[PDB]
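# Observations on the model geometry
Single-letter residue listing:
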Amino acid sequence: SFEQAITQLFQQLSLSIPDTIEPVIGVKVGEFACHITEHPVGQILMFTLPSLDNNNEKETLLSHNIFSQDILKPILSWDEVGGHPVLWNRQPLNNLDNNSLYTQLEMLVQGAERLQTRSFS
Amino acid sequence: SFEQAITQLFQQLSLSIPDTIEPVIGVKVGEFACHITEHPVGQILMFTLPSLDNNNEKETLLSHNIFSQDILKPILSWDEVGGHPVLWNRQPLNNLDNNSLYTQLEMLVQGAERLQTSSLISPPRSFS
């Protein structure tokens, strides 16, 4: 059912339907590299690694996480292993329809856009 | 199906079943007042307002929100409307079990207990 979900999603996005479906699928939407996988079993998980800013205060960052009427609104978190932010959303694979994966990906990138409101090595 | 959930819950918790069942139900465990409600429709939301500390840094507080295998692991957030922190979890009202609503409340409370910092001995504080 996961393979069917990724297949259907790639179709809707006009993406080359993979004959081989890896555990973690990748889809880039502009500057946001999104990852799609099943975890835990029966749950579709999508995450992106946003680039926050030291300027943001704790309460402001935590404000993004308040619940809303949309269960797909993404959660802003931190991965202590890698040492960087992680924005993610999740939904059940049992209760999934034709616009589901597509909508979850859209909700994730919109949440990522909301986190932005440069120097490099 | 929501009222059917609050009953089984209160029953496993040996609580008095109200006469009206407000859209938002309240259950208090220890020092944590936990609010329960169906939001959005079909989803059972539980939340409590935990006491935090400037001690914890932004990365520490956000690290509590990483995804894991447990979908009931609560989320720490901030409610800018009320101006306070909110810890919450949520699960499909159409997939509950004879141990789900319970495990959800337990996960929320355990999450709040861990964020709390209590004095060894609470001193007497004045007020009006």
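Residues numbered from 1 in each chain as written, not as in the entry; some residues may be left out. Chains lettered and ligands numbered in written order. Heavy atoms only, no water.

Structure determination for this entry, per the PDB record, employed X-ray crystallography and reached 2.00 Å resolution.

### A look at the packing of aromatic side chains
Just so we agree on the cut-off: To pair, rings of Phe, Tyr and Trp, with the six-membered ring standing in for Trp, must have centres within 6.5 Å; the planes then decide the type, stacked if under 30 degrees apart, edge-to-face if over 60, and tilted in the middle. The way it works is that DSSP assigns letters per residue, a run of H or I at least four long becomes a helix, a run of E at least two long becomes a strand, and they are numbered from the N terminus. Exposure categories follow from relative accessible area, calculated using a 1.4 Å probe and restricted to protein chains: below 20% of the type maximum is buried, above 50% is exposed, and the middle band is partly exposed.
Counted according to the given criterion, the structure contains four aromatic pairs over all chains. Relative to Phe 67 of chain B, the ring of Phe 47 of chain A lies with its centre 5.6 Å away and its plane at 35°, an arrangement referred to as tilted. With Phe 47 of chain A in strand 3 (residues 43–48) and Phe 67 of chain B in the loop between helix 2 (58–63) and strand 4 (75–79), this residue pair bridges two chains. Using a relative accessible area of 17% as the deciding quantity, one classes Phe 47 of chain A as buried. Ring geometry for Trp 88 of chain A versus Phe 67 of chain B: centroids 5.9 Å apart, planes at 90°, classification edge-to-face. Here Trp 88 of chain A is found in strand 5 (residues 84–92), whereas its partner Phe 67 of chain B is found in the loop between helix 2 and strand 4 on a different chain. For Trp 88 of chain A, a relative accessible area of 4% gives the class buried. A connected cluster of aromatic rings, assembled from ring pairs, spans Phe 47 and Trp 88 of chain A together with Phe 67 of chain B.

### A closer look at the sheet that holds strand 1 (residues 25–29) of chain A
Residues and elements named next belong to chain A. The test is simple: Pairing between strands is defined by DSSP: at least two bridges between them are needed. For every element, the axis is a line fit to its C-alpha atoms; helices are fit only across the contacting stretch, and the angle between N-to-C directions ranges from 0 to 180 degrees. Between two residues, a contact is recorded if the distance between any of their heavy atoms is within 4.5 Å.
Across the sheet, five strands lie side by side as 1-2-3-5-4; this open sheet has antiparallel pairing. The open sheet has two edge strands, strand 1 and strand 4 (75–79), and neither has a second partner. Averaged over all pairs of adjacent strands, the angle between strand axes in this sheet comes to 30°, irrespective of strand direction. Sheet topology note: the strand 2 (residues 32–38)/strand 3 ladder contains five bridges and is antiparallel. Note that in strand 3 the partner of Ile 36 across the bridge is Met 46. Running at roughly 155° to strand 5, helix 3 (residues 100–114) makes contact with strand 1, strand 2, strand 3 and strand 5 of the sheet.

### Quick word on the interface of chain A and chain B
Here is the rule we go by: Each of two parts loses accessible area, computed with a 1.4 Å probe, when they are put together; buried area is these two losses added. Basic side-chain nitrogens of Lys or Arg form a salt bridge, by our definition, when they fall within 4 Å of a carboxyl oxygen of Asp or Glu. Nitrogen and oxygen atoms within 3.5 Å of one another constitute a polar contact, given that in protein one can donate a hydrogen and the other can accept it, and given that sequence-neighbouring residues count only through two side-chain atoms.
Listed by partner, the interface residues are 28 residues for chain A and 29 residues for chain B. Summed over both partners, the interface of chain A with chain B buries about 2600 Å², with 70% contributed by carbon and sulfur atoms. Applying the counting criterion to the chain A and chain B interface returns one salt bridge. Close ionic contact of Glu 57 of chain B with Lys 58 of chain A constitutes a salt bridge, the shortest N to O distance being 3.5 Å. At the boundary of chain A with chain B, the tally comes to 10 residue pairs in polar contact.

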